[PDB]
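Content type mmCIF, C-alpha atoms, from the file work-v2.cif:
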```
data_query
loop_
_atom_site.group_PDB
_atom_site.id
_atom_site.type_symbol
_atom_site.label_atom_id
_atom_site.label_comp_id
_atom_site.auth_asym_id
_atom_site.auth_seq_id
_atom_site.Cartn_x
_atom_site.Cartn_y
_atom_site.Cartn_z
ATOM 1 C CA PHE N 388 65.171 -89.299 -5.446
ATOM 2 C CA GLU N 389 63.686 -88.486 -8.852
ATOM 3 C CA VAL N 390 63.022 -92.225 -9.343
ATOM 4 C CA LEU N 391 61.578 -92.161 -5.811
ATOM 5 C CA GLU N 392 59.247 -89.230 -6.607
ATOM 6 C CA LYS N 393 58.135 -91.110 -9.740
ATOM 7 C CA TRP N 394 57.110 -94.067 -7.559
ATOM 8 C CA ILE N 395 55.610 -91.810 -4.896
ATOM 9 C CA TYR N 396 53.331 -89.337 -6.667
ATOM 10 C CA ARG N 397 51.775 -91.882 -9.049
ATOM 11 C CA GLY N 398 51.712 -95.646 -8.642
ATOM 12 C CA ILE N 399 53.356 -96.298 -11.997
ATOM 13 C CA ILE N 400 57.144 -96.170 -12.147
ATOM 14 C CA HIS N 401 58.048 -93.778 -14.988
ATOM 15 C CA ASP N 402 61.633 -95.084 -14.896
ATOM 16 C CA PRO N 403 62.070 -97.880 -17.406
ATOM 17 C CA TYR N 404 64.658 -99.589 -15.330
ATOM 18 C CA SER N 405 64.138 -101.178 -11.813
ATOM 19 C CA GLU N 406 66.956 -99.990 -9.545
ATOM 20 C CA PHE N 407 64.714 -98.796 -6.798
ATOM 21 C CA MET N 408 64.301 -100.273 -3.343
ATOM 22 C CA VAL N 409 60.747 -101.212 -4.236
ATOM 23 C CA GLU N 410 60.348 -103.966 -6.805
ATOM 24 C CA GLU N 411 57.112 -105.193 -8.335
ATOM 25 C CA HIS N 412 56.695 -108.943 -8.498
ATOM 26 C CA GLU N 413 54.657 -110.031 -11.489
ATOM 27 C CA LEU N 414 51.701 -111.666 -9.777
ATOM 28 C CA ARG N 415 49.426 -109.937 -12.324
ATOM 29 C CA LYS N 416 48.935 -113.352 -13.966
ATOM 30 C CA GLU N 417 47.702 -115.000 -10.757
ATOM 31 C CA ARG N 418 45.216 -112.521 -9.284
ATOM 32 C CA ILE N 419 43.329 -110.441 -11.843
ATOM 33 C CA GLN N 420 39.596 -109.512 -11.425
ATOM 34 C CA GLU N 421 39.808 -111.419 -8.103
ATOM 35 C CA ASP N 422 41.978 -111.358 -4.991
ATOM 36 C CA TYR N 423 42.863 -114.682 -3.387
ATOM 37 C CA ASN N 424 46.204 -113.688 -1.896
ATOM 38 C CA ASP N 425 45.832 -109.929 -1.125
ATOM 39 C CA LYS N 426 49.005 -109.529 -3.182
ATOM 40 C CA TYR N 427 49.247 -105.736 -2.738
ATOM 41 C CA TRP N 428 49.490 -105.890 1.047
ATOM 42 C CA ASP N 429 51.655 -108.995 1.233
ATOM 43 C CA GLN N 430 54.751 -108.895 -0.960
ATOM 44 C CA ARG N 431 53.964 -107.832 -4.567
ATOM 45 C CA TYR N 432 55.281 -104.367 -3.753
ATOM 46 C CA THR N 433 58.191 -105.398 -1.542
ATOM 47 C CA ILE N 434 61.413 -103.754 -0.457
ATOM 48 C CA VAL N 435 64.928 -105.148 -1.048
ATOM 49 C CA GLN N 436 67.619 -104.965 1.649
ATOM 50 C CA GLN N 437 70.678 -104.410 -0.575
ATOM 51 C CA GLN N 438 69.122 -101.401 -2.344
ATOM 52 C CA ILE N 439 68.452 -99.601 0.964
ATOM 53 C CA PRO N 440 70.985 -96.726 1.068
ATOM 54 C CA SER N 441 71.166 -96.972 4.930
ATOM 55 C CA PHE N 442 69.867 -93.463 5.504
ATOM 56 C CA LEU N 443 66.363 -94.245 4.203
ATOM 57 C CA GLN N 444 66.064 -97.277 6.507
ATOM 58 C CA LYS N 445 64.199 -95.158 9.084
ATOM 59 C CA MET N 446 61.669 -94.150 6.382
ATOM 60 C CA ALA N 447 61.531 -97.515 4.603
ATOM 61 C CA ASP N 448 58.133 -98.825 5.771
ATOM 62 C CA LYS N 449 56.581 -95.420 5.065
ATOM 63 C CA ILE N 450 58.158 -95.260 1.559
ATOM 64 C CA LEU N 451 56.762 -98.696 0.692
ATOM 65 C CA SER N 452 53.256 -98.046 2.058
ATOM 66 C CA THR N 453 52.995 -94.712 0.182
ATOM 67 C CA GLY N 454 53.094 -96.004 -3.391
ATOM 68 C CA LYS N 455 51.398 -99.270 -2.484
ATOM 69 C CA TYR N 456 48.351 -97.128 -1.690
ATOM 70 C CA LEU N 457 48.704 -95.172 -4.973
ATOM 71 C CA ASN N 458 48.477 -98.178 -7.312
ATOM 72 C CA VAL N 459 44.913 -99.149 -6.365
ATOM 73 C CA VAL N 460 43.591 -95.686 -7.181
ATOM 74 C CA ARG N 461 45.708 -95.091 -10.304
ATOM 75 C CA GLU N 462 44.486 -98.404 -11.787
ATOM 76 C CA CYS N 463 40.686 -97.990 -11.763
ATOM 77 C CA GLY N 464 40.408 -94.625 -13.527
ATOM 78 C CA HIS N 465 40.824 -91.845 -10.967
ATOM 79 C CA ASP N 466 43.109 -89.059 -12.166
ATOM 80 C CA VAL N 467 45.789 -88.625 -9.510
ATOM 81 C CA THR N 468 49.032 -86.678 -9.831
ATOM 82 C CA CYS N 469 51.496 -84.830 -7.639
ATOM 83 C CA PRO N 470 50.010 -82.107 -5.437
ATOM 84 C CA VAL N 471 53.513 -80.576 -5.176
ATOM 85 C CA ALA N 472 57.080 -81.851 -5.526
ATOM 86 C CA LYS N 473 60.288 -80.424 -4.031
ATOM 87 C CA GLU N 474 63.912 -81.551 -4.248
ATOM 88 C CA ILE N 475 65.390 -83.680 -1.452
ATOM 89 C CA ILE N 476 69.089 -84.459 -0.970
ATOM 90 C CA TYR N 477 71.233 -86.529 1.396
ATOM 91 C CA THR N 478 72.688 -83.884 3.696
ATOM 92 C CA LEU N 479 75.039 -84.598 6.595
ATOM 93 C CA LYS N 480 72.936 -85.746 9.599
ATOM 94 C CA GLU N 481 70.107 -83.495 8.397
ATOM 95 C CA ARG N 482 67.054 -84.358 6.372
ATOM 96 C CA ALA N 483 65.239 -82.842 3.476
ATOM 97 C CA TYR N 484 63.772 -86.271 2.802
ATOM 98 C CA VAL N 485 61.671 -86.764 5.986
ATOM 99 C CA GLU N 486 59.412 -83.752 5.377
ATOM 100 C CA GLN N 487 58.471 -84.845 1.867
ATOM 101 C CA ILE N 488 58.037 -88.513 2.878
ATOM 102 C CA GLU N 489 55.498 -87.569 5.570
ATOM 103 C CA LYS N 490 53.443 -85.269 3.298
ATOM 104 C CA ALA N 491 53.595 -87.924 0.570
ATOM 105 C CA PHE N 492 52.310 -90.507 3.052
ATOM 106 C CA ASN N 493 49.330 -88.431 4.105
ATOM 107 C CA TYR N 494 48.506 -87.648 0.450
ATOM 108 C CA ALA N 495 48.651 -91.379 -0.417
ATOM 109 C CA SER N 496 46.283 -92.470 2.334
ATOM 110 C CA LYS N 497 43.929 -89.492 1.922
ATOM 111 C CA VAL N 498 43.297 -90.015 -1.809
ATOM 112 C CA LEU N 499 42.804 -93.783 -1.381
ATOM 113 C CA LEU N 500 40.479 -93.454 1.609
ATOM 114 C CA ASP N 501 38.426 -90.613 0.108
ATOM 115 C CA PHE N 502 38.020 -92.388 -3.247
ATOM 116 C CA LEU N 503 36.973 -95.653 -1.622
ATOM 117 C CA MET N 504 34.444 -94.174 0.839
ATOM 118 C CA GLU N 505 32.480 -92.624 -2.070
ATOM 119 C CA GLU N 506 32.879 -95.034 -4.992
ATOM 120 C CA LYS N 507 32.880 -98.721 -4.053
ATOM 121 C CA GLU N 508 31.405 -97.750 -0.755
ATOM 122 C CA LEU N 509 32.895 -99.487 2.242
ATOM 123 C CA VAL N 510 30.133 -97.951 4.439
ATOM 124 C CA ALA N 511 27.361 -100.041 2.917
ATOM 125 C CA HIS N 512 29.587 -103.141 2.658
ATOM 126 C CA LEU N 513 30.205 -103.080 6.417
ATOM 127 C CA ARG N 514 26.564 -102.166 7.137
ATOM 128 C CA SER N 515 25.227 -105.083 5.042
ATOM 129 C CA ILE N 516 27.487 -107.366 7.082
ATOM 130 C CA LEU F 364 96.959 -81.671 -19.847
ATOM 131 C CA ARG F 365 98.253 -84.749 -17.964
ATOM 132 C CA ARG F 366 98.938 -86.084 -21.481
ATOM 133 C CA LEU F 367 95.513 -84.941 -22.691
ATOM 134 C CA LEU F 368 93.272 -86.831 -20.241
ATOM 135 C CA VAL F 369 90.859 -84.004 -19.348
ATOM 136 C CA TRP F 370 90.627 -82.866 -22.995
ATOM 137 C CA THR F 371 89.714 -86.400 -23.991
ATOM 138 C CA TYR F 372 87.221 -87.256 -21.196
ATOM 139 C CA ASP F 373 84.103 -85.693 -22.741
ATOM 140 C CA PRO F 374 84.388 -87.028 -26.352
ATOM 141 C CA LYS F 375 85.873 -90.385 -25.242
ATOM 142 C CA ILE F 376 82.594 -91.968 -24.074
ATOM 143 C CA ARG F 377 80.660 -90.305 -26.888
ATOM 144 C CA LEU F 378 82.999 -91.869 -29.442
ATOM 145 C CA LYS F 379 82.776 -95.409 -27.948
ATOM 146 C CA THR F 380 78.989 -95.300 -27.517
ATOM 147 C CA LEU F 381 78.127 -93.925 -30.960
ATOM 148 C CA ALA F 382 80.610 -96.300 -32.619
ATOM 149 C CA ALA F 383 78.795 -99.112 -30.805
ATOM 150 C CA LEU F 384 75.359 -97.794 -31.772
ATOM 151 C CA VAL F 385 76.080 -97.495 -35.506
ATOM 152 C CA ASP F 386 76.948 -101.196 -35.868
ATOM 153 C CA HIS F 387 74.253 -102.323 -33.418
ATOM 154 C CA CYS F 388 71.526 -100.538 -35.433
ATOM 155 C CA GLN F 389 72.559 -101.852 -38.871
ATOM 156 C CA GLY F 390 69.754 -103.924 -40.349
ATOM 157 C CA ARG F 391 67.304 -102.101 -38.063
ATOM 158 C CA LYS F 392 65.081 -99.166 -39.003
ATOM 159 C CA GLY F 393 62.148 -97.304 -37.561
ATOM 160 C CA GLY F 394 60.695 -98.537 -34.317
ATOM 161 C CA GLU F 395 63.109 -101.483 -34.078
ATOM 162 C CA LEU F 396 66.040 -99.018 -34.196
ATOM 163 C CA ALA F 397 64.252 -96.722 -31.712
ATOM 164 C CA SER F 398 64.085 -99.660 -29.304
ATOM 165 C CA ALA F 399 67.709 -100.593 -30.025
ATOM 166 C CA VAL F 400 68.833 -97.150 -28.786
ATOM 167 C CA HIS F 401 66.370 -97.240 -25.835
ATOM 168 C CA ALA F 402 68.067 -100.575 -25.090
ATOM 169 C CA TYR F 403 70.923 -98.638 -23.448
ATOM 170 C CA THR F 404 68.891 -96.867 -20.765
ATOM 171 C CA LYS F 405 68.725 -100.104 -18.565
ATOM 172 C CA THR F 406 70.780 -100.183 -15.486
ATOM 173 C CA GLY F 407 69.603 -96.710 -14.691
ATOM 174 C CA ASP F 408 73.289 -95.636 -15.145
ATOM 175 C CA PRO F 409 73.127 -91.806 -14.836
ATOM 176 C CA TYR F 410 76.420 -91.223 -16.688
ATOM 177 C CA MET F 411 75.344 -93.272 -19.744
ATOM 178 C CA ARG F 412 71.630 -92.406 -19.469
ATOM 179 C CA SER F 413 72.361 -88.665 -19.599
ATOM 180 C CA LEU F 414 74.345 -89.324 -22.775
ATOM 181 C CA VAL F 415 71.934 -91.509 -24.759
ATOM 182 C CA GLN F 416 68.557 -89.959 -23.883
ATOM 183 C CA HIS F 417 68.933 -86.759 -25.904
ATOM 184 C CA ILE F 418 69.945 -88.644 -29.074
ATOM 185 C CA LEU F 419 67.074 -91.119 -28.634
ATOM 186 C CA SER F 420 64.552 -88.250 -28.427
ATOM 187 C CA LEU F 421 65.422 -87.131 -31.965
ATOM 188 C CA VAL F 422 65.830 -90.733 -33.165
ATOM 189 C CA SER F 423 62.294 -91.696 -32.115
ATOM 190 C CA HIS F 424 60.724 -88.507 -33.477
ATOM 191 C CA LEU G 485 41.831 -99.998 -33.084
ATOM 192 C CA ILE G 486 41.480 -96.208 -33.300
ATOM 193 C CA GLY G 487 42.978 -96.136 -36.779
ATOM 194 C CA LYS G 488 40.733 -99.035 -37.845
ATOM 195 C CA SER G 489 37.544 -97.443 -36.465
ATOM 196 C CA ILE G 490 38.208 -94.056 -38.047
ATOM 197 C CA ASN G 491 39.175 -95.531 -41.429
ATOM 198 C CA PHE G 492 35.967 -97.597 -41.501
ATOM 199 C CA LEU G 493 34.221 -94.355 -40.510
ATOM 200 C CA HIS G 494 35.748 -92.528 -43.473
ATOM 201 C CA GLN G 495 35.815 -94.893 -46.435
ATOM 202 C CA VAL G 496 32.385 -96.438 -45.778
ATOM 203 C CA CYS G 497 30.281 -94.793 -43.142
ATOM 204 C CA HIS G 498 31.045 -91.089 -43.877
ATOM 205 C CA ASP G 499 30.892 -87.850 -41.701
ATOM 206 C CA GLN G 500 34.705 -87.784 -41.534
ATOM 207 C CA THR G 501 36.631 -86.190 -38.677
ATOM 208 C CA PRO G 502 40.353 -85.583 -39.010
ATOM 209 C CA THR G 503 42.216 -84.680 -35.764
ATOM 210 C CA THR G 504 40.327 -86.852 -33.301
ATOM 211 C CA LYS G 505 41.579 -85.916 -29.835
ATOM 212 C CA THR G 524 62.447 -90.786 -23.414
ATOM 213 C CA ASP G 525 58.907 -90.226 -22.090
ATOM 214 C CA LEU G 526 55.928 -87.896 -22.026
ATOM 215 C CA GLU G 527 54.993 -89.201 -18.508
ATOM 216 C CA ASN G 528 51.446 -90.448 -19.178
ATOM 217 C CA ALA G 529 50.370 -88.584 -22.275
ATOM 218 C CA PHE G 530 49.826 -91.818 -24.234
ATOM 219 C CA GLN G 531 47.076 -93.157 -21.953
ATOM 220 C CA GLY G 532 45.407 -89.724 -22.081
ATOM 221 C CA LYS G 533 45.526 -89.055 -25.830
ATOM 222 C CA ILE G 534 44.784 -92.597 -27.008
ATOM 223 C CA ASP G 535 41.757 -93.262 -24.750
ATOM 224 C CA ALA G 536 40.153 -89.917 -25.644
ATOM 225 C CA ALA G 537 40.674 -90.512 -29.374
ATOM 226 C CA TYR G 538 39.370 -94.109 -29.096
ATOM 227 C CA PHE G 539 36.262 -92.991 -27.181
ATOM 228 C CA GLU G 540 35.372 -90.324 -29.759
ATOM 229 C CA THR G 541 35.956 -92.399 -32.934
ATOM 230 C CA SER G 542 34.127 -95.562 -31.844
ATOM 231 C CA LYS G 543 31.254 -93.607 -30.244
ATOM 232 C CA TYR G 544 30.587 -91.629 -33.443
ATOM 233 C CA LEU G 545 30.767 -94.816 -35.534
#
```

If you took the structure in this file and wrote it as structure tokens, what would it be?
Amino acid sequence: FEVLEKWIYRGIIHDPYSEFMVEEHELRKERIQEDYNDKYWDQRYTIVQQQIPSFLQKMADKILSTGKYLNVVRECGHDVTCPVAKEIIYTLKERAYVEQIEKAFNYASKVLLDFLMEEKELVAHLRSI
Amino acid sequence: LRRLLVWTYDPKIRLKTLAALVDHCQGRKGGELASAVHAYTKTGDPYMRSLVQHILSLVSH
Amino acid sequence: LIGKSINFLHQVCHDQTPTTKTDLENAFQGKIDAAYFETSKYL
């Protein structure tokens, strides 16, 4: 869960091994300064079945989408960090993990959507279409 | 203590790992040695990673 | 590039500044960019 919180609160993995259920394909040498695949939302940040612990399978889509949103704000120059972090543990048929995953999810989407709707304005891009 | 198992458990790994690291880092100095000790923190491996990471912090100072 | 820019700034172009401002969890990308910005800008 510390490796998880590293992937969650900032888009960079601060673990210098890859054990985690998310892996990053290296498609950085195909699409750079242009998108012709939409690699972020297809399979660059993908999940792997045999690293799912089978109690995070209910949260799996959420866990993936969280840090996938963080990368495209942490890359361009916006300072983002954790708003708060708290310990989560596998407990028997009870969850510390769900409450942090949901708050993490809303923080992910809120910082991406707020940063985009002000700098690199989507509003004018849709209006000029 | 079961013929000295539980005495031996804490220095056992620390003897194998350091005896490995002294002959793996011979011919290597500076940043190349600092990478050769950060070479061991790579399958995650919490039992070995807890052991190496304090030594590496002084080594790469 | 920081070390190059500040050494060219010292030995040739004077108005010297010293002190231009396991993991540290993103302190490299913060210290290095700030130092780089200041040294090359003043040059």

Residues within 9 Å of region 503-530 of chain G, please, as an mmCIF file with C-alpha atoms, in the coordinates of the input. Count all atoms listed in the file; anything in the same chain fewer than 6 positions from it doesn't count.
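selection38.cif written:
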```cif
data_model
loop_
_atom_site.group_PDB
_atom_site.id
_atom_site.type_symbol
_atom_site.label_atom_id
_atom_site.label_comp_id
_atom_site.auth_asym_id
_atom_site.auth_seq_id
_atom_site.Cartn_x
_atom_site.Cartn_y
_atom_site.Cartn_z
ATOM 1 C CA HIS N 401 58.048 -93.778 -14.988
ATOM 2 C CA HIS F 401 66.370 -97.240 -25.835
ATOM 3 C CA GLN F 416 68.557 -89.959 -23.883
ATOM 4 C CA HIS F 417 68.933 -86.759 -25.904
ATOM 5 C CA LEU F 419 67.074 -91.119 -28.634
ATOM 6 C CA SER F 420 64.552 -88.250 -28.427
ATOM 7 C CA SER F 423 62.294 -91.696 -32.115
ATOM 8 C CA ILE G 490 38.208 -94.056 -38.047
ATOM 9 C CA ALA G 536 40.153 -89.917 -25.644
ATOM 10 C CA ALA G 537 40.674 -90.512 -29.374
ATOM 11 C CA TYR G 538 39.370 -94.109 -29.096
ATOM 12 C CA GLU G 540 35.372 -90.324 -29.759
ATOM 13 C CA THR G 541 35.956 -92.399 -32.934
#
```

Apply the PyMOL selection byres ((chain G and resi 489) around 12) to the file shown and report the selected residues as a PyMOL selection string.
-> chain G and resi 485-488+490-498+500-501+504+537-545

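Between CA of residue 414 (chain F) and CA of residue 382 (chain F) the separation is 13.6 Å.
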
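Proximity to chain N at a cut-off of 10 Å picks out residues 401, 404, 405, 406, 407 and 408 of chain F on chain F, counting all atoms listed in the file.
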
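We find CA of residue 470 (chain N) and CA of residue 441 (chain N) to be spaced 27.9 Å apart.
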
So how far away is CA of residue 418 (chain F) from CA of residue 374 (chain F), in Å?
->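 CA of residue 418 (chain F) lies 14.8 Å from CA of residue 374 (chain F).
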
Tell me which protein, DNA and RNA residues are within 12 Å of residue 452 (chain N), counting only C-alpha atoms, leaving out same-chain ones fewer than 4 positions away, and put them as an mmCIF file with C-alpha atoms, in the coordinates of the input.
```
data_model
loop_
_atom_site.group_PDB
_atom_site.id
_atom_site.type_symbol
_atom_site.label_atom_id
_atom_site.label_comp_id
_atom_site.auth_asym_id
_atom_site.auth_seq_id
_atom_site.Cartn_x
_atom_site.Cartn_y
_atom_site.Cartn_z
ATOM 1 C CA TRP N 394 57.110 -94.067 -7.559
ATOM 2 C CA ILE N 395 55.610 -91.810 -4.896
ATOM 3 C CA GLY N 398 51.712 -95.646 -8.642
ATOM 4 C CA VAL N 409 60.747 -101.212 -4.236
ATOM 5 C CA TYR N 427 49.247 -105.736 -2.738
ATOM 6 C CA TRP N 428 49.490 -105.890 1.047
ATOM 7 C CA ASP N 429 51.655 -108.995 1.233
ATOM 8 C CA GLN N 430 54.751 -108.895 -0.960
ATOM 9 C CA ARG N 431 53.964 -107.832 -4.567
ATOM 10 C CA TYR N 432 55.281 -104.367 -3.753
ATOM 11 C CA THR N 433 58.191 -105.398 -1.542
ATOM 12 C CA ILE N 434 61.413 -103.754 -0.457
ATOM 13 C CA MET N 446 61.669 -94.150 6.382
ATOM 14 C CA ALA N 447 61.531 -97.515 4.603
ATOM 15 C CA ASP N 448 58.133 -98.825 5.771
ATOM 16 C CA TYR N 456 48.351 -97.128 -1.690
ATOM 17 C CA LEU N 457 48.704 -95.172 -4.973
ATOM 18 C CA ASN N 458 48.477 -98.178 -7.312
ATOM 19 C CA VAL N 459 44.913 -99.149 -6.365
ATOM 20 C CA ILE N 488 58.037 -88.513 2.878
ATOM 21 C CA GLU N 489 55.498 -87.569 5.570
ATOM 22 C CA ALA N 491 53.595 -87.924 0.570
ATOM 23 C CA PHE N 492 52.310 -90.507 3.052
ATOM 24 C CA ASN N 493 49.330 -88.431 4.105
ATOM 25 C CA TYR N 494 48.506 -87.648 0.450
ATOM 26 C CA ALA N 495 48.651 -91.379 -0.417
ATOM 27 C CA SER N 496 46.283 -92.470 2.334
ATOM 28 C CA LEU N 499 42.804 -93.783 -1.381
#
```

Nearest residue to chain G from the set F:364, F:400, F:388, F:378 (distances using only C-alpha atoms) =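 Among F:364, F:400, F:388, F:378, it is F:400 that comes nearest to chain G.
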
Got a sec to resolve the PyMOL selection byres ((chain N) within 12 of (chain G)) on this structure and send the residues as a PyMOL selection string?
-> chain N and resi 393+396-403+461-462+464+466-468

Using the selection just defined, write its residues with C-alpha atoms as a compact mmCIF listing (two decimals), keeping the file's coordinate frame.
```txt
# COMPACT_ATOMS: atom_id res chain seq x y z
CA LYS N 393 58.14 -91.11 -9.74
CA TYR N 396 53.33 -89.34 -6.67
CA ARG N 397 51.78 -91.88 -9.05
CA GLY N 398 51.71 -95.65 -8.64
CA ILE N 399 53.36 -96.30 -12.00
CA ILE N 400 57.14 -96.17 -12.15
CA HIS N 401 58.05 -93.78 -14.99
CA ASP N 402 61.63 -95.08 -14.90
CA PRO N 403 62.07 -97.88 -17.41
CA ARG N 461 45.71 -95.09 -10.30
CA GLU N 462 44.49 -98.40 -11.79
CA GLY N 464 40.41 -94.62 -13.53
CA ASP N 466 43.11 -89.06 -12.17
CA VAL N 467 45.79 -88.62 -9.51
CA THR N 468 49.03 -86.68 -9.83
```

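In terms of minimum interatomic distance to chain G, F:421 ranks closest within F:368, F:396, F:421, F:411, counting all atoms listed in the file.
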
Neighbour list for residue 509 (chain N) as a PyMOL selection string, cut-off 10 Å, all atoms listed in the file, skip fewer than 6 positions in-chain = chain N and resi 500+503+515

For the file shown, report as a list in words the outcome of the PyMOL selection byres ((chain F and resi 376) around 12) at residue level.
->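 Checked against the file, the PyMOL selection byres ((chain F and resi 376) around 12) matches residues 371, 372, 373, 374, 375, 377, 378, 379, 380, 381, 382, 383, 410, 411, 412, 413, 414 and 415 of chain F.
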
Go ahead and dump the residues you just picked, C-alpha atoms, as a short mmCIF file (atom, residue, chain, number, x, y, z; two decimals), in the frame of the given file.
```
data_model
loop_
_atom_site.label_atom_id
_atom_site.label_comp_id
_atom_site.auth_asym_id
_atom_site.auth_seq_id
_atom_site.Cartn_x
_atom_site.Cartn_y
_atom_site.Cartn_z
CA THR F 371 89.71 -86.40 -23.99
CA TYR F 372 87.22 -87.26 -21.20
CA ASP F 373 84.10 -85.69 -22.74
CA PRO F 374 84.39 -87.03 -26.35
CA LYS F 375 85.87 -90.38 -25.24
CA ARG F 377 80.66 -90.30 -26.89
CA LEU F 378 83.00 -91.87 -29.44
CA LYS F 379 82.78 -95.41 -27.95
CA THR F 380 78.99 -95.30 -27.52
CA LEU F 381 78.13 -93.92 -30.96
CA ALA F 382 80.61 -96.30 -32.62
CA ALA F 383 78.80 -99.11 -30.80
CA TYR F 410 76.42 -91.22 -16.69
CA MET F 411 75.34 -93.27 -19.74
CA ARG F 412 71.63 -92.41 -19.47
CA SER F 413 72.36 -88.66 -19.60
CA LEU F 414 74.34 -89.32 -22.78
CA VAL F 415 71.93 -91.51 -24.76
#
```
